[PDB]
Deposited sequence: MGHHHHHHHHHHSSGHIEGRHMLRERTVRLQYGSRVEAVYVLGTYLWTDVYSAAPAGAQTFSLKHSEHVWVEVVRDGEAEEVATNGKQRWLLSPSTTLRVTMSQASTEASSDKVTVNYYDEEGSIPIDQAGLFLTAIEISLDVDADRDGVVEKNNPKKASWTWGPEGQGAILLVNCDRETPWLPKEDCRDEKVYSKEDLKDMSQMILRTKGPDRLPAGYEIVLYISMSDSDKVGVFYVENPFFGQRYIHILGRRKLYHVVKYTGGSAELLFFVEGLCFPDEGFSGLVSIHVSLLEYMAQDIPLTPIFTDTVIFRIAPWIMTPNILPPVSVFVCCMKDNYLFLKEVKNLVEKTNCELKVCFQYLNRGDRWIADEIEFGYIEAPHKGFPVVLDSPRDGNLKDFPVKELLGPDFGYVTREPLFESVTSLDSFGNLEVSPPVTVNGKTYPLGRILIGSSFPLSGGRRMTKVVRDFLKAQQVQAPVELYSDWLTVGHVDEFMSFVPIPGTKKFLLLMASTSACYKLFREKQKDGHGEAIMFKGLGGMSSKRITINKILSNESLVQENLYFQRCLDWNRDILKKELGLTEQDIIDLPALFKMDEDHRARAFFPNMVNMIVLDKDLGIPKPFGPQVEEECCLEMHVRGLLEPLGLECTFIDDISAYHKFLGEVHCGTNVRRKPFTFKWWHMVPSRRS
């Protein structure tokens, strides 16, 4: 017994009421007394506990006492029951009223009770099973000691016959769908039927009706069916009561990820309703509430174990395919090929998790691209997208512009899932920026606390053009890799001094041959030197943001030589392939083949990169995606996306800061 409820005795009459377990009644006996009545006595049944409360002081009374008390407005009853009524129950309290002359009652008022248990239960303690009436089920708190139930957006697709994600409709087809859903049990105990005038109703708000759906599983003659009882255009469901000790099992799906204007928290209610009369609304005698938080979309840094390597290229790029295959064979990853840069630009593999279930889910980049990537939608492979209404899409909406750091600690605050990284332009610049709809979505997931970098000095404008992360083998540490033009100039000047100035660039690319690009020709180009000094300033501005926002020092960073050429917008495009954008499969790195100056018949860029990485136990494989095209103009011709295992750290164990 916790909540006090008001049930008044009625003058001269009998009051019948449902008593919901976990509450108790305060009972006015004074208003029902006939005028002139002096004192009262009371009788009560075996399973009803009665106290007489005078001015706050309470006294327990026997089932049949003859004891009398003075009638006063400040003398009331407190009525309690610990167990549900059966058909063998008579649960009652009877009050007798006496005037001052004579010991025979002049009147009587009584209270007839039917006790029932009503509890809407969910797995609040997050172990995957639904506990009985968790007192914390009506709130949601973060952290290891945190509590409250978790809900997955059911964004995958169980059967291929439908083009759309499961959550797009109000229907369930396969029982396998239920495995993606959170269980909710309405537990009751009581007699064979509810007393006349009562019904039990499940309901949700209009606002939450596009955030959830709730199904009930029926097992009629011709086989299992799934009834949608709450969700889009269904705000309430009248429950069919069955007596004795009973449980109704419901399955809940999320329809929507957290977003701008939506915290991710939703509510479901059950009420016992009392019929008053026609034209009068039913009265909510008792209400129980459970809360769900919808699980966030979470990205995967390069430090996490690789599962599948997705690759796209034209069918004839052979060296690329052979070299990627060899790379993947060194690992336990599976290779998937589509016959070309989209897989990098249009998709980001994320994941969702709840205590009972989790699956990978694809974020699909905004269309400019007239069509979705939706052919990856399948069983336990989910899909989500955001499209702008007004705002126009630019190159910064491509997911080459979307990355995530490993876990970091910054100013004493840990980010166990790392931090999302997105390239942007300076605030006063008037430059490009990723669309608000996508930015709002990433921020709304909250657990990856996104950081904006400066990518808009690049023609394409993506963060993965200038930076990446790699593990340090045999440790729990990692390194930030940064593109560096000054590293390239230093190396080339060294090679020139060594007598190598005539060493030629892009050997084996026949479409570059007539250009005859040598170290000498590069170093003597004055405007190019100035362009790249400026680009190093851009890289260093990013370096400072990353050290600041990721809690990094110079010990955590390695510089890879890079070179750019300025276009007419004053933005950088790669002069030779960017080696920093690499396939990271734990200790094995697929690195884009640079095609740098040959010294003693080895690329000096390759040899320099090996000398930096190999002492760490990182094994380097250079991958050639460009020879099939016979030249390099600054554009990458293939794409790869690695799908990884989720973090072992549970997101709900994080404690993000107030918003």
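Chemist: Do you know which deposited regions have no coordinates at all?
Modeler: Absent from the structure are positions 1-21, 361-366, 396-398, 690.
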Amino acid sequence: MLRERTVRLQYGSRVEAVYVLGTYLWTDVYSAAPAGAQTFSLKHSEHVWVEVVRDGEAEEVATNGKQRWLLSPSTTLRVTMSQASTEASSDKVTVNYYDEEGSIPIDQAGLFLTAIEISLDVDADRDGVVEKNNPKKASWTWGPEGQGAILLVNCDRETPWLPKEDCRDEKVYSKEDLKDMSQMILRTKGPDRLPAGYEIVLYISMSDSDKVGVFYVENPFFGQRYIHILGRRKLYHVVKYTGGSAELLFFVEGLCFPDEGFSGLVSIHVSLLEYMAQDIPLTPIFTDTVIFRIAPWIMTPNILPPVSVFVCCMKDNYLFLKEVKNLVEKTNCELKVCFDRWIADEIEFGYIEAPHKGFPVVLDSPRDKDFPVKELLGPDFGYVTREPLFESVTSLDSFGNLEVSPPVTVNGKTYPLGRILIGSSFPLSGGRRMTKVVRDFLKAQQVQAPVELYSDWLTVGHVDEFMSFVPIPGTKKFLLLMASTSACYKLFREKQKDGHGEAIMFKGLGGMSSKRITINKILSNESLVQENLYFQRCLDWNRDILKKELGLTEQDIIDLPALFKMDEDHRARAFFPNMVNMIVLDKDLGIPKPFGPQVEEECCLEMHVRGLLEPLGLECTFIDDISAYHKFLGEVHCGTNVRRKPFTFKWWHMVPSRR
From here on, numbers count along this sequence of modelled residues.
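Chemist: Averaging only over Cα atoms, indicate whether 622-630 or 48-56 has the higher B-factor in the PDB entry.
Modeler: So the stretch with the higher mean C-alpha B-factor is 48-56.
Chemist: Looking only at CA atoms, which has the higher mean B factor in the entry: 218-226 or 263-271?
Modeler: Per the deposited B-factors, the answer is 218-226.
Chemist: From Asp540, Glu253, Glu391, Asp121, pick the one with the largest CA B-factor in the entry?
Modeler: Of the options given, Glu391 has the highest CA B-factor in the PDB entry.
Chemist: Taking the Cα B-factors listed in the entry, which of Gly501, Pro471, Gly143, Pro284 comes out highest?
Modeler: Going by the entry's C-alpha B-factors, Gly143 comes out highest.
Chemist: Where does the C-alpha B-factor of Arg643 rank in its chain, lowest, middle or highest third?
Modeler: It falls in the middle third of the chain.
Chemist: Looking at the C-alpha B-factor of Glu601, is it in the lowest, middle or highest third of its chain?
Modeler: Its C-alpha B-factor belongs to the highest third of this chain's values.
Chemist: Quick check for you: using the entry's CA B-factors within this chain, is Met582 in the lowest, middle or highest third?
Modeler: Lowest third.
Chemist: Ranking the modelled residues of this chain by C-alpha B-factor as given in the entry, is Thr300 in the lowest, middle or highest third?
Modeler: Tercile = lowest for this residue's CA B-factor.
Chemist: Taking the values exactly as deposited, rank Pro355 by C-alpha B-factor within its chain and report the matching third: lowest, middle or highest.
Modeler: Middle third by C-alpha B-factor.
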